[PDB]
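Peer 1: Mind looking over this structure? Questions follow.
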Amino acid sequence: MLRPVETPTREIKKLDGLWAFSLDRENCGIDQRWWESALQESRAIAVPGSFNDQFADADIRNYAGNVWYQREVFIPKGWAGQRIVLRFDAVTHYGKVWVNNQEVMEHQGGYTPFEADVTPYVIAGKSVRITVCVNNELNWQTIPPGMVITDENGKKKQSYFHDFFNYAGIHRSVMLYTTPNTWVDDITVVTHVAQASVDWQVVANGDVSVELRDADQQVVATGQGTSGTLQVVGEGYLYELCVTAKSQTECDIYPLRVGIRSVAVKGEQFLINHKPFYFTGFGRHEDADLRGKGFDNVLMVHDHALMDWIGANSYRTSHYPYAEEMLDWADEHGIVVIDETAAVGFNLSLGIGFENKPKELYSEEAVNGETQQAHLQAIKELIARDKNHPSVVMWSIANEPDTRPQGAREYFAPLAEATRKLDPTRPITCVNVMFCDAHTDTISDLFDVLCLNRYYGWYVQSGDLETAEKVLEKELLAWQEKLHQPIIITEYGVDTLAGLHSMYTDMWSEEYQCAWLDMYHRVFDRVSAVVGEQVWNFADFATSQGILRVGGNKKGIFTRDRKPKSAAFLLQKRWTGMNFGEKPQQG
Amino acid sequence: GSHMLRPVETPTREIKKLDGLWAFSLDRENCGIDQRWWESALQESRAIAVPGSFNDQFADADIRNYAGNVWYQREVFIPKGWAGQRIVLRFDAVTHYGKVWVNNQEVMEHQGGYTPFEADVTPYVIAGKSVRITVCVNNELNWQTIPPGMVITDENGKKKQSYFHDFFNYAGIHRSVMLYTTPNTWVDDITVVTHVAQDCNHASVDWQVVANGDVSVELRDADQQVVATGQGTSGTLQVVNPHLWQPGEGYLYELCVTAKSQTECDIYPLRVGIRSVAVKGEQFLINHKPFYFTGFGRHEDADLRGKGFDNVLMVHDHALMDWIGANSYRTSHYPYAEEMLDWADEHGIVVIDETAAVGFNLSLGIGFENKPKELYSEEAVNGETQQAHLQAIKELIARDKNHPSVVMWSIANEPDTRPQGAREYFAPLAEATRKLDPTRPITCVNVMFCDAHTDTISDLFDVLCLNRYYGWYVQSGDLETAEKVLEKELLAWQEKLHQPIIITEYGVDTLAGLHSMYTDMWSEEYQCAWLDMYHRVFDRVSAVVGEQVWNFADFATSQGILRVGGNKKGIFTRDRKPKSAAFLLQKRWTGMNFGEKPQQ
Ligand SMILES: CCC[C@@H]1NC[C@@H](O)[C@H](O)[C@H]1C(=O)O
Ligand SMILES: CCC[C@@H]1NC[C@@H](O)[C@H](O)[C@H]1C(=O)O
C-alpha cells in the first residue's frame, strides 16, 4: 500500500471537516448498532484533528472508551464504472468503520493508513452514511502500551508510560479513492550509488511498463517488466519514474518520485552518497494548540520555515509515524528523517512521583509474545508505506526501552533481525534511555548506529553544568569504544518557560537553556563518534498532568504557538555557522 | 448583487480545491503581468497553504509587511464523468484583489476581499486532463477600496500600506477554492422571506431566478416530510403551522427547489428558518418578543493562518461562546466565512452582519507624526468610494440574504460623522441598503467621539450601535467618572432617537497574567471591574437591548506604541485561553434568563 496520487486515478477528499460526533460513555454503540441510524444527540467535529481539545471540555478531553463519527457522502457520478475504495490516512489507536449498515473496515494502529474496496457497497451518484468507531485505549498488546484501570465505580481511566498526551480521534486525511480496474497494490524501488543504479517491482493485474523521467520529465530511461536495473549519468534532486500498467482494456498510470538514495554505515561515519554527515535538527512532535495531533498545512509550512531559518537539516519523527505529507516535503526539500514507530513506553523505570504497576517488565503480565507480534506489525506497516521515500534515512525500532530486566534481548533480537529482513537499504537504530548507560545496556549490539537521549545536568546532575560536562564526556568515550559506532544524540534539552530570566543561570531560565545546550555542544565538538545532534523538541507540547510538567513539556526551543526562546538564536548561530553536513571541529 | 448561492451537495457536485499546497511567489517589481507569469510554471516558488494568509506562514517580516502582487498556482485534473455539465470555479474569498488564469484564459476578476466570486468556465476546460490555475492577489488599499487606505511609496519605490483600522491587513486566499459541477439547467439564485403573526402559522414568500427551466418547490421538515409545495419562478408562497426559528434552538426547514428542463433536472436544498425580526420603539423583536443580545465583536484571526478559515477553530470558538453564555455576535469589520453563518443558522446564533467599511475616519489614530484634511472630499472618500461601498453592501446582502441567523445589516463601523458630507455620503447608502433587503434592520456602528450631541447620520438607521470606552481612552483608570459619563450619554442617545441601543464594543486591554491590587489599567482585575460597572449602567437604561464586549480573543494589529503585540482587549488570549474576566461574563450571561434583559 502507498499514498494515492491523482492522474487518471481519482479521489474526493473527505476531510470535509464537520462530521457528526458523539461519545459512547455507557458502551451502547455496537449493541444498538449505531451505524444503522443517524447519531442520536451529536455535535459537530472537525476531521483533520484530535477530538480531545476541540470542545474546551475536560470530560471529553480525559475521556476513555468508544467515540463515534458519522458523515454522509454523495459518490461522484463518473465512477459508476470503477472500484470505489475508502482510505483513512490515520485513525489514532483503533478504528472500525461501517458504510451504510455494512461493516467494511477495522484497524489497530494510530499512525498508519488503512483502506478497503467498497465498490460492491456503493453506487455512484447517491449518498451513503459513513460511521466510524474510534477507540483510544492502551493495553500491553498495543503500540504504544498502557494499562486501563477501572475504579470502584466502573469508570475507566487510562494509564500509559510515555511523555506526550494520549490524543486520539481522526487525526489525518479521510479519502475516497478510485483507480482503474486492473492495478491495485504496491510498488517498490531501490537505489544505488558508485562512489547510479535502480530496481523495480510492481504488483497489479497485468503487464507493466516503467519509464524514469527527470525533473523536466523527459524520459531518461525505460524498461518494462516487474524487475531489472536502469542507470543514470541543501535540498535534493528527485527524479520521477512513471510506472504504467498495460492490461485488460484499461491502462493505469502511477507516478512515483524517486531520489538517488544510497546509504549504509561505515565504521564511525554516517555516510551519505559516500559522504560523512552531521545530523542537525530536532526531535519533533505532532502537537498544536487546538487540533491536538491533527495535521494542518499551515503548521507544516511554518515549522519548516522555522527549521529552515534555524539551520536544521534533519529531524526525527519522535515516537510515532508522522503525516506522510511531511516526508513528501522532506523529499522535495532534502530533509534527512529518522523514521520511528509508535513503540514508546516499554519502560517502567521512568515514571517519577509519590504513587501498582507490573513488577517484571518482560513477562506474560506485560510485554509478552502478543506484544512482540503487534510490535512487528507496527514496524511492518511503517516500512510498508514509507519504503520508497528518499527522505527516510534510517528506521528506529523503539524509543527509550528498559533493557535492564531479564528477557529484553530475547524480545528485541527477532525484531531487529526481522526489520533488517524488511528493508536492508537503510540502517537500523533503537534510541537509548539515560539509565541504560554504556556499562548496562543489553541490546545496543544489534543496531547499526546507536542513538542516545541524555539529560545530564537536568534529571540527574541537579543543575550543575560543571560536573554534567565531565559525566557526559566519559560516557561518550565509553559508548564509542564499547561499540565503535556513530553516535547520534537524538534527545538533549531542558524545560525552560519562555520569560523566566535569571542572573544566576538557574534551571528553568532561558539563560540555563542556552548555557546547557552549548556546553553539550562543546563536548560534541571533542568526540570522534558523535555524527548527529537533534535537540529535545522544537516546540513545547502537551503531556498528561503531573507535578513534573507545567502545562506540558516545556523543553521546546519554541513555545507551543511557535515563538522563539533565546536558545533559538543560539542554535541558529551554530547550525548555520558550520558548513552543510560537516561537523564543527574542536577549537 | 450578482446571483450566487452556496455550493451545496445534491445529485450534482463539487470537488474541493483547497489542497493547501500551492506554488507561491511574490512579485517585487511587477514583472508578473509583463512576462504574463500566468503562461508558464511559476519561477522560483515556495509552498503555501490555501486557505491561509500569506503573511505569517514563513516567519519572515519582509513577506509579512509586503505590499504589492503575489502569485499562487496549482494544477488540477478535472474529473471526466463531468462531460456535458457546467463547470464553475469559485473562490470564496481572495482578500482585496484577485484575478485568475485557467492556464492562459482569464476568467474572473474581483475587488471584494471577503465575498465569493465565480464564473462559468465550462468552455475553457474539457474533462479528463489537468489545467494550471494561476492567481494574482493584490493587497493594496486606496480610497476607493472597502476598507480604504493609502499606499505610500518611499524614495526608493518600496510600497508600504497605511490604513485606518485597528486589525492587521492580512491578505491571500483566506477561504475555500473550489471547482463545482451543475447540470446545464441553472438554479442561479433563490430568495426566501418569512412572515409570522402570533406563532401559530404563516408563510414564506419566495422568488427565484432559475435561468433554465420550470421550477417546483417543496418545503420539507427536519424529518424531511413534505409540509408544503409550490409551483412557479416566483410567488411560491405556502402557509405552515410551523416550529419557528428561535435563538436557543434554530429550527431549519429545507426549501428543496427543483428546476425541470426538458431533458435535465437540477435540485437545490436551501435551509430556511421561519423567523421574523423587527424593531418597535426601543425593543428589538424576534418572533414578536423582545430580545437581549449577549456576546462579542469577533475577528477572523489566529496564530499562524492569519484570517484563513479553519474548521477546528470554528468548532472550538463556538464551544467557548456557548459555554460563556453568548447568544449573539457581530462579524466585526468584514463579512465572515459563510461556514460561520451556516453554523449560527443550525445552532440558533444571532448575527449582526457587517461589511468591510472600516477606517472611514481620520480622527482615531493618535501619535507624534500626512493624512488628508477633508474626509469626505474628491481626494479621499469620494463618489467612486460611495459606489464601491454600495457594491460591498450589494455582495454581502446577495450572499447572506436567506440566513436566519443574520438579524441586521451594518453598513460601516465607526465612521467620522462630524465633517459635512458625512450625511451626504451615508444617506443614499442607507436608502439603497433598505431597498436591497427590507426584511432586516439597518445599523451603522457609532464611534465614541461622535457623541449624542455631535453625530450626524444616526437618524438614518433602525438600531443604534455604540462603541464606548469611557474609563479607557478617556477618564483613563477612573471608574467613578466613567460610570457617570456613560450613563448620561446612554440616556442622551435614548432621548435623542428612541431606538434600541446595542453596545457593540466595550472592553479594555488586559495582559493575561498582569494582576494588581490597585485595580489599575491593563490588569485582569481592571477588566473585571470595568466590564462590571458597564453592566450596572446597561442594567439601569431602558433602551439598551444588547451587549457585545469588544473582542472574544486578542488579535494582531499594525505596529504601534498603543498595541502591545496586538490588541489585548480579548476575553481570551489569541490561543483561546480565558482571562479572569471570562468567568465574570460566564456568570452574567448564563445567570440571566435566555434572551431577556437583566431586571437590575
Ligand atoms: C529522561 C527521559 C527523558 C524523556 N525522553 C523521552 C521523551 O519522550 C521525553 O519527552 C523526554 C522528557 O522527559 O522530556
Ligand atoms: C475608540 C475606537 C476603539 C476601536 N473601535 C473599533 C475597533 O475595531 C478597535 O479594535 C477599537 C479599539 O481601538 O480597541
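From first to last, the protein sequence lines are chains B and A. Positions 1 to 195, 200 to 237, 245 to 366, 369 to 600 (the deposited numbering) are the ones given, in order, by the first sequence. Positions -2 to 366, 369 to 599 (the deposited numbering) are the ones given, in order, by the second sequence. Beta carbons are placed, not taken as given, at the ideal position from N, Cα and C, and that holds for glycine.
Regarding A:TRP549 and ligand 2, is the C-beta to nearest heavy atom distance less than 8 Å?
Peer 2: In the second sequence, residue 549 of chain A corresponds to position 550, counting from 1. Within the cutoff, so yes.
Peer 1: Check A:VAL118 in the structure and name its three-state DSSP category.
Peer 2: Here the question's residue 118 of chain A lines up with position 121 in the second sequence. Looking at A:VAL118 - three-state DSSP - the assignment turns out to be coil, as it is neither helix nor strand.
Peer 1: What does the alpha-carbon distance come out to for the pair B:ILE346 and B:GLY245?
Peer 2: Numbered from 1 along the first sequence, position 335 holds the residue referred to as residue 346 of chain B. Numbered from 1 along the first sequence, position 234 holds the residue referred to as residue 245 of chain B. Using only the alpha carbons, I get a separation of about 8 Å.
Peer 1: Verify the CB distance criterion: does A:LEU301 have a CB-CB separation below 9 Å to chain B?
Peer 2: Your numbering for residue 301 of chain A matches position 304 in the second sequence. Yes, A:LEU301 counts as interfacial toward chain B.
Peer 1: At a Cβ cut of 8 Å, what residues of the segment 159 to 190 of chain A count as close to chain B, listed as they run along the chain?
Peer 2: Answer set for the segment 159 to 190 of chain A: empty.
Peer 1: Consult DSSP for B:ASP314 and reduce its assignment to one of helix, strand or coil.
Peer 2: As a position in the first sequence, residue 314 of chain B is number 303, starting the count at 1. Helix at B:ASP314.
Peer 1: Taking C-beta pairs closer than 7 Å, name the residues in chain B that A:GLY78 reaches, listed in chain order.
Peer 2: Counted from its first residue, the second sequence places residue 78 of chain A at position 81. Per Cβ cutoff of 7 Å: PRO76, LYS77, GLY78 and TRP79.
Peer 1: What does A:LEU317 touch in chain B if you count any residue whose Cβ is under 9 Å from its own?
Peer 2: The residue labelled residue 317 of chain A in the question sits at position 320 within the second sequence. The contacting residues are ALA56.
Peer 1: Could you name the residues of the same chain whose beta carbon sits closer than 6 Å to that of A:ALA80, not counting the 5 residues immediately before and after it, in chain order?
Peer 2: What you label residue 80 of chain A is simply residue 83 of the second sequence in a count that begins at 1. Excluding residues within five positions, the ones whose Cβ falls inside 6 Å are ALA124.
Peer 1: Is A:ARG172 closer than 9 Å to A:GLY305 when the C-beta atoms are compared?
Peer 2: Here residue 305 of chain A corresponds to residue number 308 of the second sequence, with the count starting at 1. Here residue 172 of chain A corresponds to residue number 175 of the second sequence, with the count starting at 1. A contact, by the Cβ cut-off of 9 Å.
Peer 1: Looking at B:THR188: is its Cβ nearer than 9 Å to the Cβ of B:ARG272?
Peer 2: Indexing the first sequence from 1 puts residue 188 of chain B at position 188. Indexing the first sequence from 1 puts residue 272 of chain B at position 261. Not in contact: B:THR188 and B:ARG272 (Cβ atoms no closer than 9 Å).
Peer 1: Cutting at 7 Å between CB atoms, please list the residues of its own chain near A:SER329, excluding the five before and the five after it.
Peer 2: The residue given as residue 329 of chain A occupies position 332 in the second sequence. Cβ neighbours of A:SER329 beyond the five flanking positions: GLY294, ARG295, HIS296 and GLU351.
Peer 1: Restricting to Cα atoms, I'd like to know which of A:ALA56, A:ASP196, A:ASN358 and A:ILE410 is closest to A:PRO427.
Peer 2: Counting from one through the second sequence, the residue named residue 427 of chain A turns up at place 428. Considering only alpha carbons, the answer is A:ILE410.
Peer 1: Hey, A:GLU524 and A:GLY512: beta-carbon distance below 9 Å or not?
Peer 2: The residue labelled residue 524 of chain A in the question sits at position 525 within the second sequence. The residue labelled residue 512 of chain A in the question sits at position 513 within the second sequence. Taking 9 Å as the Cβ cut-off, A:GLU524 and A:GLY512 do not qualify as a contacting pair.
Peer 1: Give the straight-line distance between the Cα atoms of B:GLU297 and A:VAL214, rounded to the nearest whole angstrom.
Peer 2: Position 286 of the first sequence holds residue 297 of chain B. Position 217 of the second sequence holds residue 214 of chain A. In a straight line, the C-alpha of B:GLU297 is about 48 Å away from that of A:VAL214.
Peer 1: Would you say A:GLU297 touches ligand 2, meaning its beta carbon is less than 8 Å from a heavy atom?
Peer 2: For the purposes of this step, residue 297 of chain A is taken as residue 300 along the second sequence, with counting starting at 1. A:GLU297: no, Cβ never under 8 Å from ligand 2.
Peer 1: May I ask you to verify whether the segment 163 to 180 of chain A touches the segment 44 to 51 of chain A, counting CB pairs closer than 8 Å and requiring at least 3?
Peer 2: Yes, the segment 163 to 180 of chain A touches the segment 44 to 51 of chain A.
Peer 1: Could you work out which residues of chain A lie near B:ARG172, taking near to mean beta carbons separated by less than 7 Å?
Peer 2: On the first sequence, residue 172 of chain B is found 172 positions in, with the first residue counted as 1. The contacting residues do not exist; B:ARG172 stays about 13 Å from chain A at best.
Peer 1: Roughly how many angstroms separate the alpha carbons of B:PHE537 and B:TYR167, rounded to a whole number?
Peer 2: Indexing the first sequence from 1 puts residue 537 of chain B at position 524. Indexing the first sequence from 1 puts residue 167 of chain B at position 167. The alpha-carbon atoms of B:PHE537 and B:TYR167 are separated by roughly 35 Å.
Peer 1: By DSSP, does A:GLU482 sit in helix, in strand, or in coil?
Peer 2: The residue you call residue 482 of chain A lines up with position 483 of the second sequence. Here A:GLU482 sits in helix by DSSP.
Peer 1: What does the alpha-carbon distance come out to for the pair A:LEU374 and A:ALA354?
Peer 2: Position 375 of the second sequence, counted from the first residue, corresponds to residue 374 of chain A. Position 357 of the second sequence, counted from the first residue, corresponds to residue 354 of chain A. When rounded, the distance between both Cα atoms is 14 Å.
Peer 1: Is it right to say B:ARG535 is buried, meaning 16 or more other beta carbons lie within 10 angstroms of its own, or is it exposed?
Peer 2: Residue numbering aside, residue 535 of chain B sits at position 522 when the first sequence is read from its first letter. Exposed, since its Cβ has fewer than 16 Cβ neighbours within 10 Å.
Peer 1: For A:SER329, verify whether its CB is less than 8 Å away from any heavy atom of ligand 2.
Peer 2: Position 332 of the second sequence, counted from the first residue, corresponds to residue 329 of chain A. Yes, the beta carbon of A:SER329 sits closer than 8 Å to at least one heavy atom of ligand 2.
Peer 1: Pick helix, strand or coil for A:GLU351, following the three-state DSSP scheme.
Peer 2: Counting from 1 along the second sequence, the entry for residue 351 of chain A is found at position 354. Three-state result, A:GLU351: strand.
Peer 1: For ligand 1, any of its heavy atoms closer than 8 Å to the Cβ of B:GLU26?
Peer 2: Along the first sequence, read from residue 1 onward, the residue named residue 26 of chain B stands at position 26. B:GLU26 Cβ: outside cutoff for every heavy atom of ligand 1.
Peer 1: Can you pull the chain A neighbours of B:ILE45, defined as C-beta to C-beta under 8 Å?
Peer 2: Locating residue 45 of chain B in the first sequence gives position 45, where the first residue counts as 1. Here the neighbours are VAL312.
Peer 1: Let me make sure I understand the geometry here. Which of B:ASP151, B:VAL104 and B:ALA299 has the alpha-carbon closest to that of B:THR556?
Peer 2: Taking the first sequence and counting its residues from 1, the one referred to as residue 556 of chain B is at position 543. Cα-wise, what sits closest to B:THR556 is B:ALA299.
Peer 1: Cα separation between B:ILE143 and B:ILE456?
Peer 2: On the first sequence, residue 143 of chain B is found 143 positions in, with the first residue counted as 1. On the first sequence, residue 456 of chain B is found 443 positions in, with the first residue counted as 1. Cα-Cα distance, rounded: 20 Å.
Peer 1: Quick check: is any heavy atom of ligand 1 less than 8 Å from the C-beta of B:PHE293?
Peer 2: Residue 293 of chain B sits at position 282 when you count from the first residue of the first sequence. No, Cβ of B:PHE293 sits at least 8 Å from all heavy atoms of ligand 1.
Peer 1: For A:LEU478, which of A:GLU430, A:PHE448 and A:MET532 has the nearest alpha-carbon?
Peer 2: The count along the second sequence starts at 1 and reaches residue 478 of chain A at position 479. Comparing Cα positions, the closest option is A:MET532.
Peer 1: How many angstroms separate the CA atom of B:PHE551 from the CA atom of B:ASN401?
Peer 2: As a working note, residue 551 of chain B is residue 538 in the first sequence. As a working note, residue 401 of chain B is residue 388 in the first sequence. Approximately 27 Å, taken between the alpha carbons.
Peer 1: Run the proximity test for A:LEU361: is its beta-carbon closer than 8 Å to any non-hydrogen atom belonging to ligand 2?
Peer 2: The count along the second sequence starts at 1 and reaches residue 361 of chain A at position 364. At least one heavy atom of ligand 2 is nearer than 8 Å to the Cβ of A:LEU361, so yes.
Peer 1: What does A:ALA56 touch in chain B if you count any residue whose Cβ is under 7 Å from its own?
Peer 2: Stepping through the second sequence from its first residue, residue 56 of chain A is reached at position 59. Correct list: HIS313, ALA316, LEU317 and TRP320.
Peer 1: Going by DSSP, what residues sit across from A:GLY95 in a beta bridge?
Peer 2: In the second sequence, residue 95 of chain A corresponds to position 98, counting from 1. Per DSSP, A:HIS107 and A:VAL134.
Peer 1: Which residues in chain B sit within 9 Å of A:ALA46, going by Cβ to Cβ distance?
Peer 2: Residue 46 of chain A sits at position 49 when you count from the first residue of the second sequence. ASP307, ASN308, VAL309, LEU310, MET311, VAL312 and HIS313, listed in chain order.
Peer 1: Would the beta-carbon of A:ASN166 be found less than 8 Å away from any heavy atom of ligand 2?
Peer 2: As a first step, residue 166 of chain A is located in the second sequence; it is residue number 169 there, counting from the start. It does not: the Cβ of A:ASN166 is nowhere closer than 8 Å to a heavy atom of ligand 2.
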